[PDB]
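Protein chains in written order, with the authors' numbering: chain A, 1169 to 1180, 1185 to 1216; chain B, 48 to 141, 153 to 185; chain C, 1315 to 1332, 1336 to 1362; chain D, 8 to 96, 104 to 140, 153 to 304.
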């Protein structure tokens, strides 16, 4: 409900979606890029 | 950004004594806490010496072990890549032009893909 | 309007609106056809 | 060199460096369940502590390591990265670089397990096992000469069949007169006793030696009559050459003393030892 500044054991199919890089970096309007970009990859 | 000359050998060598001394320190503080609690349960007010909580020290020992492990894994990846590149790729680093090298790489990739497709069709026909 | 030329070029390359519609786009750095001196790290300007 | 693979083992080493200390504290996670026999359980603790010494051994492992570094750093691998953004959608090739290796490695096992064959029959399923062209002989000769420090020569003055001679570090040359494809009916001598360059008038036979290499000649004949695989004559002659190579030393003398007889040799098991014992 509120926010914080520390990370303490957050819990989580979610991993599967977060992994196996998709070729659509979120919005992906379709400009360019023929590379499977992972959400964690693009986040880092 | 680390800028450690990318050479893992002397890094690991110079980092070994850190592991040694950290293990020494953690064993020491563990023995201190042990004698403390063994004087607590049955002795008297003797153990009056604020030492390390043994959490931070052990965890940073694990962390340095982790860093050395990841460095060694990077070193292994690098050497393995060098090995297979030497074993299955000629030496052309400015006698063939870069476009020729790229074309050769693409042709080899296409041949590997063809081999893969042939094996997949074989597995399909088998099933 | 100095960056505007390359901006419109990259936009037309990415969108193809309505090298003669061929591959003409270079916004990156360290090209292979550059004068060989040393492997570049970040040649911008 | 190839010492880099040793670092791989070092990897596992430092892995234990973690596990070890865990195995320490796990051992301290609980006390004596029920000894009832002795107090070596506590010593058992120190036992795990002993394995920590292994970590120090890791530091020692670096003494044998670090032979030398190779020139041209990065080994031409990231040269593709130097390309523009156009080249970056190329890692796939590198993957195949491993994959192909795995392929070979897979065959390295597969072919190995192919050794146990199941061919209940080999005929009545069809030809011309004798090699027609008189050029495959030269091919086999070149393949054999590709081996270093072991020179091979051939003249074939008899006719269609193959005739050749081979020399080694000593003067124990071997003369092999065989058919078109596979090696058979050879002989060996030593110190110009054959002199099969211009012996008398040509590459003579002379079927003789001073009762020293005769056993070696018989053993080589046996090896030729035994290694006659149904196909792949190149493999056969390569195996024959490898077998011949095993006498380049004649120094050791295991499973006996160096006084049993004139000499000692019978390595069909890829290892020579005292003869007259197998």
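For every residue, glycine included, the Cβ atom is placed at its ideal position computed from N, Cα and C.
Check: Residue from D:209, D:178, D:216 and D:187 with nearest C-alpha to residue 196 of chain D; Outcome: D:216
Check: Cβ-based contacts, 7 angstroms cut-off: residues of the stretch 52-65 of chain B near chain D; Outcome: 56, 60 and 63
Check: Below-7 angstroms beta-carbon distance, residue 1348 of chain C vs any chain D residue; Outcome: yes
Check: Cβ-Cβ distance between residue 304 of chain D and residue 288 of chain D below 7 angstroms; Outcome: no
Check: Own chain, CB closer than 7 angstroms to residue 62 of chain B, minus 5 neighbours either side, in chain order; Outcome: 115
Check: Residue nearest to residue 105 of chain B in terms of C-alpha spacing, selected from B:70, B:175, B:163 and B:153; Outcome: B:70
Check: Residue 106 of chain D at chain B interface by Cβ criterion, 7 angstroms; Outcome: yes
Check: Chain D residues whose Cβ lies nearer than 8 angstroms to that of residue 110 of chain B; Outcome: Under the 8 angstroms cutoff, chain D gives no residues; its nearest Cβ is about 12 angstroms from residue 110 of chain B.
Check: Own chain residues within Cβ distance below 6 angstroms of residue 213 of chain D, not counting five before or after; Outcome: 201 and 243
Check: Range covered by the beta strand (DSSP E) that runs through residue 84 of chain D; Outcome: Element bounds for residue 84 of chain D: n/a, residue is neither H nor E.
Check: Contact with chain D by residue 1335 of chain C, beta-carbon distance below 7 angstroms; Outcome: Because residue 1335 of chain C lies between 1332 and 1336, and chain C jumps straight from the first to the second, it has no atoms in this structure.
Check: Enclosing alpha helix (DSSP H) for residue 133 of chain B [first to last residue]; Outcome: 102-134
Check: Residue of C:1320, C:1346 and C:1327 minimising C-alpha distance to residue 1339 of chain C; Outcome: C:1327
Check: Within chain D, partners of residue 1343 of chain C - CB distance below 9 angstroms; Outcome: 91, 92 and 93
Check: Partner residues on chain D for residue 120 of chain B, Cβ-Cβ distance less than 8 angstroms; Outcome: 18
Check: Backbone secondary structure at residue 204 of chain D - three-state DSSP; Outcome: strand
Check: Among D:140, D:193, D:206 and D:42, the one whose alpha carbon lies nearest that of residue 164 of chain D; Outcome: D:206
Check: Close Cβ partners of residue 254 of chain D (< 7 angstroms) along its chain, the five nearest in sequence each way excluded; Outcome: 208 and 262
Check: Local conformation of residue 34 of chain D per DSSP, three classes; Outcome: helix
Check: Candidates D:228, D:210, D:9 and D:198, of which the one nearest residue 131 of chain B by Cα; Outcome: D:9
Check: Residues that residue 166 of chain B contacts on chain D, provided the C-beta gap is smaller than 8 angstroms; Outcome: 107 and 110
Check: Residue 211 of chain D beta carbon less than 7 angstroms from that of residue 203 of chain D; Outcome: yes
Check: Identity of the residues DSSP links to residue 1194 of chain A by a beta bridge; Outcome: A:1209
Check: Residue 1319 of chain C classed as buried or exposed, judged by whether at least 16 other C-beta atoms fall within 10 angstroms; Outcome: exposed
Check: Beta-carbon proximity of residue 67 of chain D to residue 1345 of chain C, cut-off 7 angstroms; Outcome: no
Check: C-beta neighbour in chain D for residue 116 of chain B, strict 7 angstroms; Outcome: yes
Check: Interface flag, residue 230 of chain D vs chain B, CB-CB below 7 angstroms; Outcome: no
Check: Given residue 68 of chain B as reference, the closest of B:88, B:107 and B:96 once Cα atoms are compared; Outcome: B:107
Check: Residue 121 of chain D (DSSP reduced to helix, strand or coil); Outcome: helix
Check: 8 angstroms Cβ shell around residue 35 of chain D - same chain, five flanking residues per side excluded; Outcome: 52
Check: Cβ-based burial, residue 66 of chain B [other Cβ within 10 Å; buried from 16]; Outcome: buried
Check: Opposing strand residues paired with residue 74 of chain B [DSSP bridges]; Outcome: For residue 74 of chain B, which the question treats as bridged, DSSP gives no partner whatsoever.
Check: Close beta carbons around residue 137 of chain B, own chain, < 8 angstroms, minus the five adjacent residues each side; Outcome: 154
Check: Residue nearest to residue 26 of chain D in terms of C-alpha spacing, selected from B:109, B:100 and B:75; Outcome: B:109
Check: Minimum Cβ-Cβ distance from residue 140 of chain B to chain D less than 7 angstroms; Outcome: yes
Check: Boundaries (first-last residue) of the alpha helix (DSSP H) holding residue 192 of chain D; Outcome: Premise fails: residue 192 of chain D lies in the beta strand (DSSP E), 188-192, not in any alpha helix (DSSP H).
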